[PDB]
Amino acid sequence: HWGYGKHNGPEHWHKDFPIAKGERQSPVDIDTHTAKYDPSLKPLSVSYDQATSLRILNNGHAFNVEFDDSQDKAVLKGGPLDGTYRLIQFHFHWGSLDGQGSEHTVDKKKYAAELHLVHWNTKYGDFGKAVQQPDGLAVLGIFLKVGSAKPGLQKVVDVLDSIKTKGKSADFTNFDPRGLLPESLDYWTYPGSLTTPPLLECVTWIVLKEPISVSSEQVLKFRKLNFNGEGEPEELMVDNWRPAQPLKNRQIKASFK
Ligand SMILES: COC(=O)[C@@H]1C[C@@H](OS(N)(=O)=O)CN1S(=O)(=O)[C@@H]1O[C@@H](COC(C)=O)[C@@H](O)[C@@H](O)[C@H]1O
Ligand SMILES: [Zn+2]
């Protein structure tokens, strides 16, 4: 089944997941001149001080850092959101080259990678119930460009050797995701979807305007990961991004003038 190759990639997904051609699919191009400032947007609240990371996993599509979401330890509130959304995991999408890798684009510009911090709406009790709801998830998206190193990313980078292939995991406790944020929390927001199968239309997207910088050495280590399992022919984990989808009947709102 699905992946990012020529024969199982994004242009094939609709055959197993017809919602791929739905009315609120992600990612999208963010046209900065068409996005409208919305003064009704409340300030974004990112409360990660009590975040409890557990594990990092290569699942054959990306690497995922998982959190304890059995209590309100790390939460996202405010902005366009009603209620409390619990951090469950984060992951990245990245390219084979610095000129591509992000899922969202900004005036058609592609960044080298994109970080997704996934949160679920606690009024639905668990993640599996939340993805069945139009306001079930809030994903915080952060662009990566190549320049100076991101110190808060390095602990992630240095563990990747231990999870090279699909199915491998490692202990990843006491990681502080606050070290992955840019200075500004200015954002764009729109209603959208998961960007991987099952492509469910359950996400409030919050995409930060300010990218973070990571070093060429850091993103090079992303690209040494493997889509395949151990003892299988090596396929480098690169270009695990879905391209921009039609905006259709949606307006992207900006938190800033
Ligand atoms: C809690 O886990 C999740 O939310 C993942 C990531 C999230 O991606 S994103 N691009 O839309 O923010 C999708 N879901 S998911 O539907 O639960 C999760 O994701 C997939 C791949 O996703 C990645 C990035 O590796 C699959 O393997 C899949 O079986 C799904 O259950
Ligand atoms: Zn993602």
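Residues numbered from 1 in each chain as written, not as in the entry; some residues may be left out. Chains lettered and ligands numbered in written order. Heavy atoms only, no water.

Structure determination for this PDB entry was carried out by X-ray crystallography, with a resolution of 1.6000 Å recorded in the header.

1. Overview of the environment of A130
Within the secondary structure, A130 sits in helix α1 (residues 127–130). Along the sequence, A130 and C202 sit 72 residues apart, while their C-alpha atoms lie 7.7 Å from each other. (Helix = DSSP H or I, 4+ residues; strand = E, 2+ residues; numbered from the N terminus.)

2. Quick word on the UniProt feature "binding site: Zn(2+)" in the protein chain
UniProt tags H91, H93 and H116 as "binding site: Zn(2+)". Of the residues just listed, which span 26 residues, no C-alpha pair is farther apart than 8.2 Å, and they cluster in one region. Inspection of the secondary structure puts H91 in strand β7 (residues 85–94). A relative accessible area of 13% places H91 in the buried class. Among all residues touching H91, those that are not within four sequence positions of it are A62, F63, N64, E114, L115, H116 and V118. (UniProt positions renumbered as here; feature names shortened; annotations may be inferred. Buried < 20%, exposed > 50% of the residue type's maximum accessible area, 1.4 Å probe, protein only. Contact = heavy atoms within 4.5 Å.)

3. Overview of the nonpolar core
Counting residues in hydrophobic clusters, the biggest one holds 49 residues, and the most contacted among them are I56, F63, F90, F92, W94, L140 and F222. Of all the elements in the fold, those that place two or more residues in this core are β5 (63–67), β7, β9 (113–121), β10 (137–146), α2 (154–159), β13 (203–208) and β14 (212–214). Broken down by element, the residue count for this core peaks at five residues, all from β7. Those residues in contact with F222 that sit more than four places away from it in its chain are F63, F92, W94, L144, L153, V157, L160 and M237. Residues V106, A130, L194 and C202 belong to the second largest nonpolar core, which totals 22 residues. (Core = buried A, V, L, I, M, F, W, Y, C linked by side-chain atoms within 4.5 Å.)

4. Some remarks on the environment of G60
By the element assignment, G60 lies in the loop between β4 (53–58) and β5. Expressed as a C-alpha distance, the spacing of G60 and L225, which sit 165 residues apart in the sequence, is 9.3 Å. Ignoring anything within four residues of it in the chain, the contact list for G60 reads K166, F227 and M237.

5. Some details on the coordination of the zinc ion (ligand 2)
Six octahedral donors around a metal ideally sit at 90 or 180 degrees from one another, while four tetrahedral donors ideally sit at 109.5 degrees. Coordination of the zinc ion (ligand 2) by the protein comes from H91 (NE2), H93 (NE2) and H116 (ND1), over a distance range of 2.0 to 2.1 Å. Taken together, the four donor atoms coordinating the zinc ion (ligand 2) and their angles of 101 to 116° define a geometry best described as tetrahedral. As a motif over one chain, the donors of the zinc ion (ligand 2) read H-x1-H-x22-H. Taken as a pair, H91 in strand β7 and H116 in strand β9 lie far apart in primary sequence, 25 residues in all. (Donors = N, O, S within 2.8 Å, 3.2 Å for Na, K, Ca; no water. Tetrahedral: all angles 85-135°; square planar, octahedral: opposite > 155°, others 65-115°.)

6. Regarding the site of ligand 1
If you check the shell around ligand 1, you find 17 residues, and the closest are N59, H91, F127, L194 and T195. Take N59: an N or O atom from its side chain is 3.0 Å from an oxygen atom of ligand 1. Here a nitrogen atom of ligand 1 sits 3.4 Å away from a polar atom, N or O, in the side chain of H93. In the complex, the protein chains occlude 79% of the 620 Å² of accessible area that ligand 1 would expose alone. Of all the elements in the fold, those that place two or more residues in the shell around ligand 1 are β7 and β9. At four residues, the largest contribution of residues to the shell around ligand 1 is made by β7. Partitioning the shell around ligand 1 into residue classes produces eight nonpolar, eight polar and one charged. (Near = heavy atom within 4 Å. Polar contact = N/O pair within 3.5 Å; in protein donor to acceptor, adjacent residues only side chain to side chain. Areas by Shrake-Rupley, 256 points an atom, 1.4 Å probe, with all protein chains shown as cover. Nonpolar A, V, L, I, M, F, W, Y, C, P; charged D, E, K, R; others polar.)

7. Examining the UniProt feature "binding site: substrate" in the protein chain
Mapped onto this numbering, the UniProt entry annotates "binding site: substrate" at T195 and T196. For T195, the residues in contact, after removing those within four places along its chain, are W13, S26, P27, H93, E103, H116, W205 and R242. Among the polar contacts listed, one links the side chain of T195 to the side chain of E103, at a separation of 2.6 Å. Within the secondary structure, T196 is located in the loop between β12 (187–192) and β13. A residue is classified by how much of its surface remains accessible, and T196, at 23% relative accessible area, is partly exposed. Setting aside residues no more than four positions away along its own chain, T196 makes contact with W2, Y4 and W13.

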